[PDB]
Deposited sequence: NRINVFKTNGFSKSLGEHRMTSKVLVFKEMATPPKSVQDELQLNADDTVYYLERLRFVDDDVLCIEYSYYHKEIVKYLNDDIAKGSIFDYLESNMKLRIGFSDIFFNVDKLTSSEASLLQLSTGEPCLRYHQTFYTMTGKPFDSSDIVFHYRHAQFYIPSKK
């Protein structure tokens, strides 16, 4: 079947499973992450690196930064499941909207390796920044999709 983007959800809400590769709390976020999440050097982010699968096929690598203040608490156990359901059901976080950017590109050497493909084959680069309902950014995510396993859909109006 097919991934739906319209959806500000987790992918979990489109079957899915995950290898968490990194989870950590960073005292000083990357400068890109400071910009994107309207942060400074001082306030903490969580970083999460996940390999996602759909029905046993590698779907993408996901690079996520979360604003600890807004999200309140994450750990790698909870990173094994749906972050979005944890956020709504446990943390009771009111997620409002999101900006999505994407383009097609060639894979890097290491990316082709992660996604068991060859250097330079196609991929989709997908960025998403999630906002709370009061406009505060809390999640900046970058995904590189496996070009044969990722199929997308959207309904317009």
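K.L.:
Wait, which stretches of the deposited chain are just not there in the structure?
P.N.:
Since the structure holds only modelled residues, the stretches it omits are 15-18, 162.
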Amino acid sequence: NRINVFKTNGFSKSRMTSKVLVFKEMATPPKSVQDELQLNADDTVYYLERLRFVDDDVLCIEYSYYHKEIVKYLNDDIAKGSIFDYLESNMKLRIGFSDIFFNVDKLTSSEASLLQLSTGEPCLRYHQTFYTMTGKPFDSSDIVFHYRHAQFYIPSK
From here on, numbers count along this sequence of modelled residues.
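K.L.:
Out of 5-13 and 132-140, which one has CA B-factors that are higher on average in the deposited record?
P.N.:
Taking the mean B-factor of the alpha carbons in each, 5-13 is higher.
K.L.:
Would you mind ranking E88 by its C-alpha B-factor against the rest of the chain and naming the third, lowest, middle or highest?
P.N.:
Its C-alpha B-factor belongs to the lowest third of this chain's values.
K.L.:
Considering every modelled residue of the chain and its Cα B-factor in the PDB entry, is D105 in the lowest, middle or highest third?
P.N.:
Bottom third by C-alpha B-factor.
K.L.:
Of the three thirds of its chain by CA temperature factor, lowest, middle or highest, which one includes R52?
P.N.:
It belongs to the middle third of the chain when residues are ordered by C-alpha B-factor.
K.L.:
Is the Cα B-factor recorded for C123 in the lowest, middle or highest third of its chain?
P.N.:
For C123, whose C-alpha B-factor we compare with every modelled residue in the chain, the answer is the lowest third.
K.L.:
What third of its chain, lowest, middle or highest, does the C-alpha temperature factor of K31 fall into?
P.N.:
Highest third of the chain for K31's C-alpha B-factor.
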